[PDB]
Amino acid sequence: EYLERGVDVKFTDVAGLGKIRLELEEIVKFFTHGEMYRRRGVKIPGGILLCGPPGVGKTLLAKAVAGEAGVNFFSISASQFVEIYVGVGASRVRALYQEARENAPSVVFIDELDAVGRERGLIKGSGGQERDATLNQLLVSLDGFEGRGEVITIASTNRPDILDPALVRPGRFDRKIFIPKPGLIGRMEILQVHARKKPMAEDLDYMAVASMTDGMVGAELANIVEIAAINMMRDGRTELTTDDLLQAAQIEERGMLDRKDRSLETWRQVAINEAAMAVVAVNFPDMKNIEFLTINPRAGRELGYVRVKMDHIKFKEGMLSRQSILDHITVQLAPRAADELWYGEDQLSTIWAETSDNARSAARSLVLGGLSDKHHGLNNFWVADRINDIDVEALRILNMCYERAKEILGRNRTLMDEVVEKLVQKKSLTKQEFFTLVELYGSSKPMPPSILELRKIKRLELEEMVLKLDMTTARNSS
Amino acid sequence: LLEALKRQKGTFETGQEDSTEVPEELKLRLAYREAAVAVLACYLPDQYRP
């Protein structure tokens, strides 16, 4: 009933494995070299749990480990256990584990345990009691009484916090492996394996495709493979190249590119908006590497956009400087800066209303995120005066970013006009020509020193001061 | 035993391939934070948590 046939998926069929694959073959070792495991006196860990983002193919990993183990594979949806009737789900789990024990050696797979592994006492209904009964039955058949030493359960969940800590107890689910999102090499190999079934070329570089589509799951890479088949018959070329992959990634991350009727002043407004964003971004460290610049409207965004790929390590861990946010707020305010400096103060538009609120929200998050210097951080107080003063610093921070944006955009009028003209004539711009225009008409951008130079100057000042103290002690004493 | 204890208290939570080029600006910040903690702990001696 719950037994599947034709499980031929192996570890070669799945990419983006990494060191987790080692644990996977450890499971295979648990199914092959277990004689010396129990000879040394090791009870085989029954509970292995894969946790990660959806679409990474956890069930594909289950098929791979089942095929490499060479045992019977059971793949049961957890949604069938919950039902309006009680007792039948417990009997379903009983029959499942009984036929797993009879088919020993075997591995059993249950996906999305969050449906039935919810902590008891969170919902008041008969479905909650049925879920409790099924959880109790699976708990007993896992660890309750003796009789299982050969059947091993593999599970795939998304949210590990929802699970009952009774299930997380060792001997029931003790091995917890996280499947992360694929990095750079992982996306490369997933694209390779999903593209092995189609005729590819020898000049096909996956490095640019992987760097273009950053922070995406393996299902999204399979989708990129799926949009590598449908769109070349419009022109009718010979063999697939990397340009089609780049355009497919561009279509997927934003939407399909649609063209509508448009006047000249509307194009000019979108162009000066995008010029404001890119020109204020290039002079800042965290948003310096602008790679794309287009004003073409897309799905959901009638505006253009500026593409930057900053370092994605400090952002996740939280090591972004205070100046790194005062720069971003200036970037969000700079569309309004260009609008005010070009159309005057009395003719402000409403196209920058989406960035002008991001700037104020970022300032508000900064002032009560402990990053300020009013007393020392201190995002909370007691009396109403300091609570009122909490929101004063955000508005002064917006004001100083606002004047900074005015100064930055006023320094760069010639390159502003040039990039606006190019954006109107070509409707798109890449990194090379935009940076060439920047070098042709740019102003001076004196870079503030990084932390290394500050540490070096502080260290040399400290050494010279301490040796000054040493001589003022020595020659006064000697 | 040390690795079993390290796994069993759940120190790791990312669960990814631990191969990341850490910038000098981060090693410096961590070293300075740890050194400041060491200096304050040695100057203000805690009678129970050295």
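- Labelled according to the PDB entry, chain B appears under the name Probable inactive ATP-dependent zinc metalloprotease FTSHI 4, chloroplastic, originating from Arabidopsis thaliana.

- In the annotation of the PDB entry, chain A is listed under the name Probable inactive ATP-dependent zinc metalloprotease FTSHI 2, chloroplastic and assigned to Arabidopsis thaliana.
- The UniProt entry for chain A carries this comment under Function (literature references left out): "Required for plastid development during embryogenesis. Might be involved in chaperone functions or play a structural role in the thylakoid FtsH complex."
- Among the UniProt annotations of chain A, the heading Subunit holds the following wording: "Homooligomer. Interacts with FtsHi4."

## Some remarks on the interface of chain A and chain B
Piece 1. Tallying the contact residues gives 14 residues for chain A and 14 residues for chain B.
Piece 2. Interface area for chain A against chain B, summed over the two sides, is near 1300 Å², with a carbon-plus-sulfur share of 62%.
Piece 3. Counting every contact that joins chain A to chain B gives two salt bridges.
Piece 4. Here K314 of chain A ties to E25 of chain B by a salt bridge, and the two come within 3.5 Å at their closest N and O atoms.
Piece 5. The interface formed by chain A and chain B includes two residue pairs in polar contact.
Piece 6. Those elements giving two or more residues to the side of chain A that touches chain B turn out to be α1 (19-32), β5 (175-178) and α17 (451-477) of chain A.

## So, the packing of helix α6 (residues 185-194) of chain A against helix α8 (residues 218-226) of chain A
All names here are of chain A.
Piece 1. The geometry of α6 relative to α8 is characterised by a closest axis approach of 9 Å and an angle of 45° between their N-to-C directions. Classified by the interaxial angle, the pair formed by α6 and α8 is oblique. Crossing of α6 over α8 shows right-handed handedness. Touching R187, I190, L191 and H194 of α6 are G218, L221, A222, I224 and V225, all from α8.
Piece 2. Here the residues of the contact of α6 with α8 are counted per class, giving six nonpolar, two polar and one charged.

## Things to note about the pattern of salt bridges
Residues and elements named next belong to chain A.
Piece 1. This structure, assessed with the given rule, holds 16 salt bridges over all chains.
Piece 2. Measuring nitrogen to oxygen at the nearest pair gives 2.5 Å for the salt bridge that ties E83 to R92.
Piece 3. Bridged by salt links that share partners, the residues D143, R169 and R172 form one connected network.

## With respect to the sheet that holds strand β6 (residues 290-294) of chain A
Residues and elements named next belong to chain A.
Piece 1. What the three strands build is an open sheet, ordered β7-β6-β8; its pairing is antiparallel. On the outer flanks of this sheet lie β7 (305-308) and β8 (428-430), each paired with one strand and no other. Taking each pair of neighbouring strands and ignoring which way they run, the sheet shows an average axis angle of 10°.
Piece 2. Note: β6 against β7, four bridges, orientation antiparallel. Each bridged residue has a counterpart across the sheet, and for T294 the counterpart in β7 is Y305.
Piece 3. Each of β6 and β8 is contacted by helix α15 (residues 413-426), which is oriented at about 115° to β8, the strand it contacts most.

## Things to note about the pairing of strand β3 (residues 106-111) of chain A
All names here are of chain A.
Piece 1. For β3, the tally of buried residues reaches five of six residues, placing the bulk of the element in the interior.
Piece 2. As defined by bridge partners, strand β2 (residues 72-77) adjoins β3 across six bridges and the pair is classed as parallel. Each residue of the ladder has a partner; that of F73, found in β3, is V107.
Piece 3. The parallel pair β2 and β3 is bridged by helix α4 (residues 88-102), and the resulting crossover is right-handed.
Piece 4. Of the strand pairs in this sheet, β3 and strand β4 (residues 152-157) are connected by five bridges, and their pairing is parallel. Residue pairing across strands places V107 opposite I152, the latter belonging to β4.

Rules and cut-offs
Residues numbered from 1 in each chain as written, not as in the entry; some residues may be left out. Chains lettered and ligands numbered in written order. Part of a larger assembly, values for the part shown. Heavy atoms only, no water. UniProt positions renumbered as here; feature names shortened; annotations may be inferred. Contact = heavy atoms within 4.5 Å. Buried area = accessible area lost by both parts, 1.4 Å probe. Salt bridge = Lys/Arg side-chain N within 4 Å of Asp/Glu carboxyl O. Polar contact = N/O pair within 3.5 Å; in protein donor to acceptor, adjacent residues only side chain to side chain. Helix = DSSP H or I, 4+ residues; strand = E, 2+ residues; numbered from the N terminus. Axes fitted to C-alpha atoms, helices over the stretch in contact; angles between N-to-C directions. Parallel < 35°, antiparallel > 145°, perpendicular 65-115°, else oblique. Left-handed = near helix turned anticlockwise from the far one by under 90°. Nonpolar A, V, L, I, M, F, W, Y, C, P; charged D, E, K, R; others polar. Pairing = 2+ DSSP bridges. Buried < 20%, exposed > 50% of the residue type's maximum accessible area, 1.4 Å probe, protein only. Right-handed = clockwise from strand over helix to strand, strands pointing away.

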